[PDB]
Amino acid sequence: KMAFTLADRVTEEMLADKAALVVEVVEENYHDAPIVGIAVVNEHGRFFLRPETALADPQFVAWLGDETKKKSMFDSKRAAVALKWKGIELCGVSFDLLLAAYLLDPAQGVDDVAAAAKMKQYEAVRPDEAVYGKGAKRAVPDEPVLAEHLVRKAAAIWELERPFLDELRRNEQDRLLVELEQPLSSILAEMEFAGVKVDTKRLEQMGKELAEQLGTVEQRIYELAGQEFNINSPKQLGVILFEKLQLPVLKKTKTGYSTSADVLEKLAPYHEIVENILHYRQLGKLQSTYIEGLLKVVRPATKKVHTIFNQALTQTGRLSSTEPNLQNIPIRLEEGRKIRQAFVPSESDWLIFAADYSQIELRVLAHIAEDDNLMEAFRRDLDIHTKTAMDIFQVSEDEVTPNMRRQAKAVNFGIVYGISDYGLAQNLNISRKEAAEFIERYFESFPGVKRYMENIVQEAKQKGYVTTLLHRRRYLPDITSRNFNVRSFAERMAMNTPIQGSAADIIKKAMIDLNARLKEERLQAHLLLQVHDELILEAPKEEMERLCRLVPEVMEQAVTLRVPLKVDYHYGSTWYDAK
(Lines of atoms letter the chains of each structure in order from A and count residues from 1; the text may use other names and numbers.)
(Lines give C-alpha, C1' and ligand atoms only; values in the text may rest on other atoms or scores of the structure.)
Protein backbone atom coordinates (compact mmCIF):
# COMPACT_ATOMS: atom_id res chain seq x y z
CA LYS A 1 0.00 0.00 0.00
CA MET A 2 3.16 2.13 -0.22
CA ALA A 3 5.26 2.01 -3.35
CA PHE A 4 9.00 1.43 -3.07
CA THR A 5 11.84 -0.18 -5.01
CA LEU A 6 13.20 -3.38 -3.44
CA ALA A 7 16.73 -2.88 -4.73
CA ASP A 8 19.31 -5.54 -5.55
CA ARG A 9 22.17 -3.05 -5.96
CA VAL A 10 22.96 0.57 -5.13
CA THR A 11 22.08 3.12 -7.81
CA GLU A 12 23.09 6.75 -8.12
CA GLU A 13 19.63 8.09 -7.35
CA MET A 14 19.77 6.47 -3.89
CA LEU A 15 22.69 8.84 -3.18
CA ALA A 16 20.99 12.25 -3.36
CA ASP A 17 22.33 15.12 -1.29
CA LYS A 18 19.26 14.98 1.00
CA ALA A 19 17.40 11.90 2.22
CA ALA A 20 15.50 10.22 5.02
CA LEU A 21 17.53 7.21 6.12
CA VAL A 22 16.55 4.17 8.18
CA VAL A 23 19.25 1.76 9.38
CA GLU A 24 17.23 -0.72 11.41
CA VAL A 25 18.66 -2.31 14.56
CA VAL A 26 16.07 -4.36 16.42
CA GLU A 27 17.89 -5.42 19.61
CA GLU A 28 17.41 -2.97 22.48
CA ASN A 29 21.15 -2.82 23.15
CA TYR A 30 22.58 -1.85 19.77
CA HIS A 31 26.25 -2.49 20.55
CA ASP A 32 27.58 -5.09 18.08
CA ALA A 33 24.06 -5.85 17.01
CA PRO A 34 22.75 -6.89 13.58
CA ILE A 35 21.53 -4.34 11.08
CA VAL A 36 18.47 -6.00 9.56
CA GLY A 37 17.63 -3.64 6.70
CA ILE A 38 18.02 -0.16 5.30
CA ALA A 39 15.53 2.28 3.80
CA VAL A 40 16.12 5.50 1.87
CA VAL A 41 13.50 8.06 0.87
CA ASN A 42 14.46 11.07 -1.23
CA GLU A 43 13.32 13.23 -4.16
CA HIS A 44 13.85 10.34 -6.61
CA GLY A 45 11.74 7.76 -4.78
CA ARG A 46 11.64 5.22 -1.96
CA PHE A 47 14.14 2.36 -1.66
CA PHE A 48 14.84 -0.71 0.47
CA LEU A 49 18.36 -2.17 0.56
CA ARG A 50 19.62 -5.36 2.10
CA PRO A 51 22.46 -4.54 4.50
CA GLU A 52 24.75 -7.28 3.15
CA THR A 53 24.90 -5.47 -0.20
CA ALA A 54 24.50 -1.76 0.67
CA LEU A 55 27.10 -1.87 3.44
CA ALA A 56 29.62 -3.58 1.14
CA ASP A 57 28.98 -1.09 -1.69
CA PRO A 58 31.78 1.51 -1.69
CA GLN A 59 29.54 4.27 -3.14
CA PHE A 60 26.93 3.76 -0.43
CA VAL A 61 29.62 3.66 2.26
CA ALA A 62 31.09 6.90 0.93
CA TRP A 63 27.65 8.50 0.85
CA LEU A 64 27.06 7.48 4.50
CA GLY A 65 30.34 9.15 5.52
CA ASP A 66 30.03 12.33 3.44
CA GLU A 67 28.91 15.12 5.79
CA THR A 68 27.57 17.22 2.87
CA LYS A 69 25.02 14.49 2.04
CA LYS A 70 22.31 15.35 4.55
CA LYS A 71 20.27 12.65 6.27
CA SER A 72 17.14 12.92 8.40
CA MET A 73 16.72 10.02 10.82
CA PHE A 74 15.01 8.68 13.93
CA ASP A 75 17.55 7.86 16.71
CA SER A 76 20.70 8.47 14.68
CA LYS A 77 22.96 7.49 17.61
CA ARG A 78 21.64 3.92 17.43
CA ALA A 79 22.42 3.78 13.71
CA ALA A 80 25.79 5.53 14.03
CA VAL A 81 27.01 3.19 16.79
CA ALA A 82 25.79 0.04 15.03
CA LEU A 83 27.50 1.29 11.87
CA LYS A 84 30.72 1.83 13.87
CA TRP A 85 30.52 -1.83 14.94
CA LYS A 86 30.47 -2.59 11.20
CA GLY A 87 33.50 -0.30 10.73
CA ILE A 88 31.44 2.32 8.86
CA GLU A 89 31.29 6.06 9.59
CA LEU A 90 27.93 7.89 9.44
CA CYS A 91 28.11 11.68 8.94
CA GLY A 92 25.79 14.42 7.71
CA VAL A 93 22.84 13.83 10.05
CA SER A 94 20.91 17.12 9.90
CA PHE A 95 17.63 16.11 11.58
CA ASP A 96 16.83 13.53 14.27
CA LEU A 97 13.11 12.96 14.79
CA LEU A 98 13.64 11.28 18.18
CA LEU A 99 15.44 14.32 19.62
CA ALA A 100 13.00 16.77 17.98
CA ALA A 101 10.05 14.99 19.63
CA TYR A 102 11.85 14.76 22.95
CA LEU A 103 12.40 18.54 22.94
CA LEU A 104 8.77 19.33 22.06
CA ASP A 105 7.39 17.20 24.87
CA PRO A 106 9.59 14.82 26.86
CA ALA A 107 6.57 13.29 28.60
CA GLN A 108 5.31 11.64 25.38
CA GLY A 109 7.84 8.86 25.95
CA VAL A 110 8.28 8.75 22.15
CA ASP A 111 10.19 5.52 21.51
CA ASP A 112 9.54 4.87 17.80
CA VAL A 113 8.69 6.71 14.59
CA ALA A 114 4.98 5.89 14.98
CA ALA A 115 4.74 7.64 18.36
CA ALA A 116 6.45 10.79 17.07
CA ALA A 117 4.32 10.80 13.91
CA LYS A 118 1.14 10.71 16.01
CA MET A 119 2.16 14.07 17.48
CA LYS A 120 1.49 15.55 14.02
CA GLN A 121 -1.56 13.39 13.07
CA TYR A 122 0.55 11.22 10.76
CA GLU A 123 -0.47 7.59 10.98
CA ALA A 124 0.76 5.83 7.82
CA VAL A 125 3.39 3.87 9.77
CA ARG A 126 3.08 1.07 12.30
CA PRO A 127 4.50 0.92 15.85
CA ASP A 128 7.71 -1.12 15.97
CA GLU A 129 6.10 -3.43 18.52
CA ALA A 130 3.28 -4.29 16.14
CA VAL A 131 5.85 -5.26 13.51
CA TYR A 132 8.42 -7.13 15.59
CA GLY A 133 6.20 -8.39 18.42
CA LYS A 134 7.07 -8.42 22.13
CA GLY A 135 9.13 -10.50 24.54
CA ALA A 136 9.67 -14.12 23.57
CA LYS A 137 7.65 -13.68 20.33
CA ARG A 138 9.92 -10.88 19.07
CA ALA A 139 11.26 -11.58 15.57
CA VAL A 140 12.31 -10.06 12.27
CA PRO A 141 9.31 -10.36 9.93
CA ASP A 142 9.44 -11.61 6.36
CA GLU A 143 11.47 -9.32 4.07
CA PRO A 144 8.45 -7.80 2.25
CA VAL A 145 6.88 -6.95 5.59
CA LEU A 146 10.22 -5.62 6.90
CA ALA A 147 10.90 -3.54 3.79
CA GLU A 148 7.49 -1.85 3.77
CA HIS A 149 7.86 -1.08 7.47
CA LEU A 150 11.28 0.56 7.02
CA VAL A 151 10.13 2.46 3.92
CA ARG A 152 7.11 3.80 5.82
CA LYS A 153 9.33 4.91 8.70
CA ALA A 154 11.58 6.73 6.25
CA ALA A 155 8.65 8.30 4.39
CA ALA A 156 7.29 9.52 7.72
CA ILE A 157 10.66 11.02 8.65
CA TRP A 158 10.73 12.69 5.23
CA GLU A 159 7.27 14.21 5.79
CA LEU A 160 7.59 15.15 9.48
CA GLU A 161 10.86 17.13 9.50
CA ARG A 162 9.22 20.35 8.29
CA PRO A 163 6.32 20.41 10.80
CA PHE A 164 8.63 19.40 13.65
CA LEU A 165 11.09 22.16 12.77
CA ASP A 166 8.26 24.72 12.62
CA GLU A 167 7.03 23.95 16.13
CA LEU A 168 10.63 23.80 17.45
CA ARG A 169 11.19 27.32 16.07
CA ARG A 170 7.96 28.61 17.68
CA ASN A 171 9.22 27.18 20.99
CA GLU A 172 12.67 28.78 20.55
CA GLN A 173 14.07 25.20 20.50
CA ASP A 174 15.37 24.92 16.91
CA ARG A 175 18.94 25.86 17.82
CA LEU A 176 18.76 23.65 20.90
CA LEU A 177 18.24 20.72 18.50
CA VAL A 178 20.64 21.69 15.69
CA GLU A 179 23.48 23.18 17.77
CA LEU A 180 23.22 21.26 21.07
CA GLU A 181 21.32 17.95 20.99
CA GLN A 182 22.30 16.71 17.50
CA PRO A 183 26.04 17.54 17.88
CA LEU A 184 25.96 15.90 21.33
CA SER A 185 24.40 12.77 19.81
CA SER A 186 27.51 12.21 17.65
CA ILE A 187 29.71 12.74 20.69
CA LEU A 188 27.85 10.21 22.85
CA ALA A 189 28.10 7.71 19.96
CA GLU A 190 31.89 8.02 20.09
CA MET A 191 31.95 7.67 23.88
CA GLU A 192 29.72 4.58 23.87
CA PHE A 193 31.71 2.93 21.09
CA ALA A 194 35.09 3.61 22.65
CA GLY A 195 33.84 2.02 25.87
CA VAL A 196 35.67 1.83 29.21
CA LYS A 197 38.28 -0.84 29.94
CA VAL A 198 37.79 -3.03 33.03
CA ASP A 199 40.39 -4.91 35.12
CA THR A 200 38.54 -8.24 35.26
CA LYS A 201 41.22 -9.92 37.38
CA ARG A 202 40.88 -7.34 40.15
CA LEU A 203 37.07 -7.36 39.90
CA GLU A 204 36.90 -11.13 40.21
CA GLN A 205 39.32 -11.09 43.16
CA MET A 206 37.17 -8.47 44.93
CA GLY A 207 34.12 -10.58 44.15
CA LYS A 208 35.56 -13.68 45.79
CA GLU A 209 36.47 -11.75 48.96
CA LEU A 210 33.01 -10.15 48.97
CA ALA A 211 31.42 -13.61 49.01
CA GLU A 212 33.50 -14.63 52.02
CA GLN A 213 32.52 -11.48 53.90
CA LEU A 214 28.87 -11.95 52.87
CA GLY A 215 28.74 -15.41 54.48
CA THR A 216 30.32 -14.17 57.73
CA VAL A 217 27.86 -11.27 58.12
CA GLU A 218 24.99 -13.53 57.06
CA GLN A 219 25.83 -15.98 59.85
CA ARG A 220 26.02 -13.30 62.56
CA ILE A 221 22.57 -12.16 61.41
CA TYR A 222 21.13 -15.65 61.96
CA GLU A 223 22.71 -15.92 65.42
CA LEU A 224 21.44 -12.43 66.32
CA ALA A 225 17.99 -13.38 65.01
CA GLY A 226 18.21 -16.53 67.15
CA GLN A 227 17.25 -18.41 64.00
CA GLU A 228 17.78 -18.57 60.24
CA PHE A 229 15.70 -16.86 57.56
CA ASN A 230 15.80 -15.19 54.13
CA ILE A 231 17.39 -11.79 54.84
CA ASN A 232 15.85 -10.58 51.59
CA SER A 233 12.30 -11.86 52.29
CA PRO A 234 10.37 -8.74 53.39
CA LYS A 235 7.68 -10.87 55.01
CA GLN A 236 10.43 -12.81 56.82
CA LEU A 237 12.64 -9.81 57.57
CA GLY A 238 9.61 -7.90 58.82
CA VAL A 239 8.65 -10.87 60.98
CA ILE A 240 12.09 -11.01 62.59
CA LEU A 241 12.36 -7.28 63.35
CA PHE A 242 8.75 -6.28 64.04
CA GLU A 243 7.29 -9.45 65.62
CA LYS A 244 10.04 -11.77 66.85
CA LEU A 245 12.36 -9.04 68.16
CA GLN A 246 9.41 -6.62 68.70
CA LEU A 247 11.07 -3.51 67.27
CA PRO A 248 8.86 -0.43 66.83
CA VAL A 249 7.11 0.08 63.50
CA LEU A 250 8.22 3.49 62.25
CA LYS A 251 6.84 3.23 58.70
CA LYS A 252 4.58 1.14 56.48
CA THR A 253 4.60 0.44 52.76
CA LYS A 254 1.68 -0.43 50.50
CA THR A 255 2.54 -4.08 51.19
CA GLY A 256 3.62 -4.17 54.84
CA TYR A 257 6.46 -3.16 57.15
CA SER A 258 9.06 -0.80 55.79
CA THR A 259 12.70 -1.87 56.16
CA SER A 260 14.45 0.90 54.19
CA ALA A 261 17.87 2.07 55.36
CA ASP A 262 16.52 5.24 57.00
CA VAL A 263 14.17 3.10 59.13
CA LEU A 264 16.89 0.59 59.96
CA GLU A 265 19.24 3.29 61.23
CA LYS A 266 16.57 4.71 63.54
CA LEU A 267 16.25 1.18 64.99
CA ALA A 268 20.05 0.84 65.62
CA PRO A 269 19.63 1.89 69.30
CA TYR A 270 17.24 -1.01 69.82
CA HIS A 271 19.13 -3.99 68.41
CA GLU A 272 22.52 -5.04 67.04
CA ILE A 273 20.93 -6.91 64.13
CA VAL A 274 19.78 -3.86 62.14
CA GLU A 275 23.32 -2.65 61.54
CA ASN A 276 24.29 -6.13 60.36
CA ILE A 277 21.31 -6.17 57.96
CA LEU A 278 22.55 -2.85 56.52
CA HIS A 279 26.10 -4.19 56.09
CA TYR A 280 24.70 -7.38 54.55
CA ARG A 281 22.57 -5.49 52.02
CA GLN A 282 25.43 -3.16 51.08
CA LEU A 283 27.84 -6.05 50.47
CA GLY A 284 25.07 -7.83 48.56
CA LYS A 285 24.54 -4.80 46.31
CA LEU A 286 28.24 -4.64 45.47
CA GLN A 287 28.16 -8.35 44.65
CA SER A 288 25.16 -8.51 42.37
CA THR A 289 25.13 -5.09 40.68
CA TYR A 290 28.80 -4.11 40.56
CA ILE A 291 30.73 -7.39 40.49
CA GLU A 292 28.51 -10.00 38.87
CA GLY A 293 26.46 -7.43 36.96
CA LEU A 294 29.53 -5.72 35.49
CA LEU A 295 31.29 -8.96 34.55
CA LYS A 296 28.11 -9.96 32.70
CA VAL A 297 28.45 -7.02 30.28
CA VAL A 298 32.21 -6.95 29.79
CA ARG A 299 33.04 -7.71 26.17
CA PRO A 300 35.53 -10.53 26.82
CA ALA A 301 38.01 -9.99 23.99
CA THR A 302 38.66 -6.30 24.82
CA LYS A 303 37.58 -6.17 28.49
CA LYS A 304 35.55 -3.06 27.60
CA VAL A 305 32.04 -2.22 28.85
CA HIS A 306 29.94 -0.16 26.42
CA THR A 307 27.16 1.76 28.10
CA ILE A 308 24.24 3.36 26.25
CA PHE A 309 23.53 6.98 27.14
CA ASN A 310 19.81 7.59 26.73
CA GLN A 311 19.50 11.17 25.54
CA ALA A 312 15.70 11.30 25.09
CA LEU A 313 14.49 9.80 28.37
CA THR A 314 14.71 12.10 31.40
CA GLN A 315 12.04 14.75 31.93
CA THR A 316 14.71 17.34 32.83
CA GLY A 317 17.19 16.94 29.97
CA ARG A 318 19.73 14.89 31.93
CA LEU A 319 21.18 11.83 30.30
CA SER A 320 20.78 8.43 31.83
CA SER A 321 23.03 5.40 31.38
CA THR A 322 22.03 1.76 30.95
CA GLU A 323 23.53 -1.74 30.76
CA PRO A 324 25.79 -1.04 32.49
CA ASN A 325 24.72 2.08 34.33
CA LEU A 326 28.09 3.82 34.65
CA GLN A 327 26.56 6.87 36.35
CA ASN A 328 26.02 5.16 39.72
CA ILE A 329 29.30 3.35 40.43
CA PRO A 330 29.84 3.41 44.23
CA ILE A 331 31.92 6.15 45.81
CA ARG A 332 30.58 7.21 49.17
CA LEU A 333 31.64 4.22 51.33
CA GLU A 334 35.26 3.13 51.02
CA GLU A 335 34.44 -0.54 50.41
CA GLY A 336 32.12 0.44 47.56
CA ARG A 337 34.49 3.02 46.09
CA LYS A 338 37.08 0.25 45.59
CA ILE A 339 35.04 -0.95 42.57
CA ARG A 340 36.42 2.09 40.68
CA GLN A 341 39.90 0.54 40.82
CA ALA A 342 38.72 -1.95 38.20
CA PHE A 343 38.08 0.91 35.75
CA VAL A 344 41.35 1.49 33.92
CA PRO A 345 42.64 3.26 30.81
CA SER A 346 42.31 1.39 27.55
CA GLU A 347 45.96 1.83 26.50
CA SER A 348 49.28 1.49 28.27
CA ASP A 349 50.73 4.76 29.59
CA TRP A 350 47.32 6.44 29.47
CA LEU A 351 45.58 7.94 32.49
CA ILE A 352 42.02 8.68 33.64
CA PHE A 353 41.11 12.39 33.91
CA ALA A 354 37.94 13.50 35.77
CA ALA A 355 36.64 17.10 35.91
CA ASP A 356 33.43 18.11 37.77
CA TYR A 357 31.44 21.27 38.36
CA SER A 358 31.29 22.45 41.96
CA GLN A 359 27.80 23.16 43.40
CA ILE A 360 26.44 23.53 39.88
CA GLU A 361 22.70 23.71 40.63
CA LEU A 362 23.04 26.28 43.44
CA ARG A 363 25.07 28.43 41.06
CA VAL A 364 22.39 28.05 38.36
CA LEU A 365 19.83 28.87 41.04
CA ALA A 366 21.68 32.00 42.15
CA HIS A 367 21.83 33.16 38.54
CA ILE A 368 18.20 32.41 37.71
CA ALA A 369 16.77 33.70 41.01
CA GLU A 370 19.14 36.71 41.09
CA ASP A 371 19.37 36.27 44.86
CA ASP A 372 21.86 38.89 46.12
CA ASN A 373 23.15 36.82 49.04
CA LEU A 374 23.42 33.63 47.00
CA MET A 375 25.19 35.45 44.19
CA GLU A 376 27.64 37.08 46.62
CA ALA A 377 28.37 33.67 48.22
CA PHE A 378 29.55 32.21 44.89
CA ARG A 379 31.33 35.39 43.89
CA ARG A 380 33.37 34.58 47.06
CA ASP A 381 33.76 30.89 46.10
CA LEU A 382 32.12 29.89 49.40
CA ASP A 383 31.33 26.20 49.78
CA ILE A 384 27.64 26.37 50.65
CA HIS A 385 27.41 22.67 51.51
CA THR A 386 30.22 22.92 54.05
CA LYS A 387 28.87 26.16 55.56
CA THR A 388 25.44 24.59 55.93
CA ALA A 389 26.97 21.53 57.64
CA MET A 390 28.86 23.83 60.05
CA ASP A 391 25.48 25.39 60.84
CA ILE A 392 23.54 22.11 61.09
CA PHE A 393 25.99 20.20 63.30
CA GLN A 394 27.40 23.22 65.19
CA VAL A 395 30.99 22.42 64.19
CA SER A 396 33.87 24.33 62.67
CA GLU A 397 34.88 23.95 59.03
CA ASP A 398 37.94 21.99 60.13
CA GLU A 399 35.55 19.41 61.62
CA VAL A 400 33.14 18.90 58.66
CA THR A 401 33.21 15.21 57.68
CA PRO A 402 32.45 14.24 54.06
CA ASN A 403 29.30 12.62 55.40
CA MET A 404 28.02 15.64 57.33
CA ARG A 405 28.61 17.57 54.11
CA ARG A 406 26.80 15.02 51.95
CA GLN A 407 23.97 15.28 54.48
CA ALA A 408 24.00 19.09 54.41
CA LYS A 409 23.93 18.92 50.61
CA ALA A 410 20.58 17.11 50.85
CA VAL A 411 19.26 19.86 53.14
CA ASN A 412 20.31 22.60 50.72
CA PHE A 413 18.53 21.08 47.72
CA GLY A 414 15.61 19.86 49.85
CA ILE A 415 14.82 23.39 51.00
CA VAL A 416 15.00 25.03 47.58
CA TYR A 417 13.03 22.15 45.98
CA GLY A 418 10.21 22.18 48.51
CA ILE A 419 10.97 19.86 51.46
CA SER A 420 8.53 20.28 54.36
CA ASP A 421 9.38 20.77 58.03
CA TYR A 422 8.23 17.16 58.50
CA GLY A 423 10.62 15.81 55.86
CA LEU A 424 13.53 17.90 57.06
CA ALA A 425 12.92 16.70 60.63
CA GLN A 426 13.07 13.04 59.59
CA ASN A 427 16.31 13.58 57.62
CA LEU A 428 18.12 15.44 60.40
CA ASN A 429 16.52 13.49 63.29
CA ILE A 430 15.55 16.83 64.81
CA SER A 431 12.36 18.34 66.18
CA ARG A 432 9.69 19.30 63.64
CA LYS A 433 9.47 22.74 65.26
CA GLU A 434 13.22 23.19 64.84
CA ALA A 435 12.97 22.06 61.22
CA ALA A 436 10.37 24.71 60.42
CA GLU A 437 12.42 27.41 62.17
CA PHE A 438 15.58 26.49 60.27
CA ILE A 439 13.70 26.59 56.95
CA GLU A 440 12.33 30.03 57.84
CA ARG A 441 15.86 31.20 58.71
CA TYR A 442 17.19 29.82 55.41
CA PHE A 443 14.71 31.93 53.44
CA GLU A 444 15.56 35.00 55.54
CA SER A 445 19.09 34.84 54.19
CA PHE A 446 17.95 34.00 50.63
CA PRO A 447 14.64 35.82 50.02
CA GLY A 448 15.29 35.95 46.26
CA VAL A 449 15.18 32.15 46.16
CA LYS A 450 11.84 32.16 47.99
CA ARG A 451 10.57 34.71 45.46
CA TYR A 452 11.83 32.57 42.57
CA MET A 453 10.06 29.49 43.97
CA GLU A 454 6.79 31.42 44.13
CA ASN A 455 7.15 33.11 40.76
CA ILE A 456 8.12 29.97 38.86
CA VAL A 457 5.06 28.11 40.21
CA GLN A 458 2.79 31.00 39.19
CA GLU A 459 4.47 31.09 35.79
CA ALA A 460 3.85 27.37 35.29
CA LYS A 461 0.16 27.88 36.11
CA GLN A 462 -0.15 30.71 33.59
CA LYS A 463 1.91 29.21 30.76
CA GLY A 464 1.29 25.48 31.40
CA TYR A 465 5.03 24.62 31.32
CA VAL A 466 8.47 25.63 32.64
CA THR A 467 11.68 26.16 30.64
CA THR A 468 15.46 25.93 31.17
CA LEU A 469 18.16 28.46 30.26
CA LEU A 470 18.59 26.93 26.81
CA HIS A 471 14.78 26.63 26.36
CA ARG A 472 14.27 22.98 27.17
CA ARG A 473 10.60 22.59 28.10
CA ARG A 474 8.51 20.48 30.50
CA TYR A 475 4.71 20.52 30.54
CA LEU A 476 3.00 20.44 33.96
CA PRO A 477 -0.78 19.89 33.56
CA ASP A 478 -1.07 18.73 37.19
CA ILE A 479 -0.05 22.20 38.46
CA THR A 480 -3.73 23.25 38.33
CA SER A 481 -5.10 19.92 39.56
CA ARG A 482 -7.84 20.21 42.14
CA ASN A 483 -6.20 17.41 44.18
CA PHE A 484 -3.76 18.84 46.71
CA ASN A 485 -1.18 16.03 46.57
CA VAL A 486 -1.14 15.92 42.77
CA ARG A 487 -0.82 19.71 42.56
CA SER A 488 2.02 19.69 45.11
CA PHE A 489 4.21 17.18 43.24
CA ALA A 490 3.71 19.40 40.19
CA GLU A 491 4.72 22.60 41.98
CA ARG A 492 7.94 20.95 43.12
CA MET A 493 8.66 19.96 39.51
CA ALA A 494 8.21 23.62 38.58
CA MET A 495 10.72 24.61 41.27
CA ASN A 496 13.25 21.92 40.32
CA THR A 497 13.11 21.31 36.54
CA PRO A 498 14.41 24.75 35.39
CA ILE A 499 17.39 24.37 37.73
CA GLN A 500 18.40 20.73 37.14
CA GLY A 501 17.60 21.07 33.43
CA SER A 502 19.69 24.22 32.99
CA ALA A 503 22.55 22.40 34.70
CA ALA A 504 22.06 19.61 32.14
CA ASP A 505 22.09 22.18 29.33
CA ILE A 506 25.44 23.54 30.56
CA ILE A 507 27.34 20.25 30.81
CA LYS A 508 26.00 19.32 27.34
CA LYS A 509 27.39 22.53 25.85
CA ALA A 510 30.67 21.97 27.72
CA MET A 511 30.91 18.53 26.10
CA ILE A 512 30.46 20.02 22.61
CA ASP A 513 33.01 22.79 23.27
CA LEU A 514 35.50 20.34 24.84
CA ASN A 515 35.39 17.96 21.84
CA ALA A 516 36.03 20.87 19.43
CA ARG A 517 38.93 22.06 21.57
CA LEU A 518 40.55 18.62 21.82
CA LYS A 519 40.40 18.41 18.02
CA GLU A 520 41.92 21.90 17.63
CA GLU A 521 44.85 21.01 19.90
CA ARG A 522 45.27 17.67 18.03
CA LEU A 523 45.23 15.71 21.28
CA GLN A 524 44.38 12.03 21.67
CA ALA A 525 42.38 12.66 24.87
CA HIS A 526 38.75 11.63 24.43
CA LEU A 527 35.62 11.56 26.57
CA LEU A 528 34.60 8.27 28.19
CA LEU A 529 31.73 9.20 30.51
CA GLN A 530 29.40 11.93 31.66
CA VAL A 531 28.00 11.72 35.19
CA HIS A 532 25.50 14.65 35.20
CA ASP A 533 27.98 17.33 36.18
CA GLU A 534 31.22 15.42 35.72
CA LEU A 535 33.23 14.47 32.64
CA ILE A 536 35.65 11.56 32.55
CA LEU A 537 38.31 11.33 29.85
CA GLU A 538 41.35 9.20 29.19
CA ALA A 539 44.54 10.43 27.53
CA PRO A 540 48.24 9.65 27.17
CA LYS A 541 50.09 10.66 30.33
CA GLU A 542 52.04 13.07 28.10
CA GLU A 543 48.84 15.14 27.71
CA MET A 544 47.77 15.40 31.38
CA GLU A 545 49.43 18.76 32.13
CA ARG A 546 47.84 20.39 29.11
CA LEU A 547 44.47 18.84 30.06
CA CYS A 548 44.70 20.33 33.58
CA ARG A 549 44.56 23.75 31.96
CA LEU A 550 42.33 23.00 28.96
CA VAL A 551 39.45 21.03 30.49
CA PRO A 552 38.59 23.33 33.45
CA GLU A 553 38.72 26.40 31.22
CA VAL A 554 36.40 24.88 28.58
CA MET A 555 33.94 23.76 31.25
CA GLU A 556 33.98 27.09 33.13
CA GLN A 557 33.43 29.07 29.92
CA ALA A 558 30.64 26.92 28.47
CA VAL A 559 28.17 29.66 29.47
CA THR A 560 28.41 33.03 31.16
CA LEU A 561 26.33 33.37 34.30
CA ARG A 562 26.01 36.15 36.85
CA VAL A 563 28.25 33.99 39.05
CA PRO A 564 31.41 32.17 37.98
CA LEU A 565 31.41 28.43 37.34
CA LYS A 566 33.99 26.34 39.23
CA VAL A 567 35.53 23.05 38.09
CA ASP A 568 37.50 20.57 40.20
CA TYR A 569 39.70 18.03 38.46
CA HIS A 570 41.93 15.02 39.21
CA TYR A 571 43.77 12.33 37.30
CA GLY A 572 45.38 8.99 37.98
CA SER A 573 45.93 5.41 36.91
CA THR A 574 42.35 4.21 37.54
CA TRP A 575 38.98 5.85 38.02
CA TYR A 576 39.50 5.39 41.77
CA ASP A 577 42.69 7.52 41.56
CA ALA A 578 41.03 10.27 39.53
CA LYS A 579 39.44 11.55 42.78
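The first residue of the shown sequence is 1; numbering continues from there.
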| query | finding |
| --- | --- |
| Residue stretch of maximal mean CA temperature factor, 466 to 474 vs 287 to 295 | 287 to 295 |
| 341 to 349 versus 364 to 372 - greater average Cα B-factor per the deposited record | 341 to 349 |
| Highest recorded Cα temperature factor - choice among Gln227, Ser445, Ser502, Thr314 | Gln227 |
| Candidate set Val125, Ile88, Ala261, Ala154 [ranked by C-alpha B-factor, highest] | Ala261 |
| Chain thirds of CA B-factor: placement of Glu334 | highest |
| Where the record places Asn42 (Cα B-factor, split into thirds across the chain) | middle |
| Record-listed C-alpha B factor of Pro144: chain third | highest |
| Within-chain third of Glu520 by Cα B-factor, per the entry | highest |
| Cα B factor band for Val10 (lowest, middle or highest third within the chain) | highest |
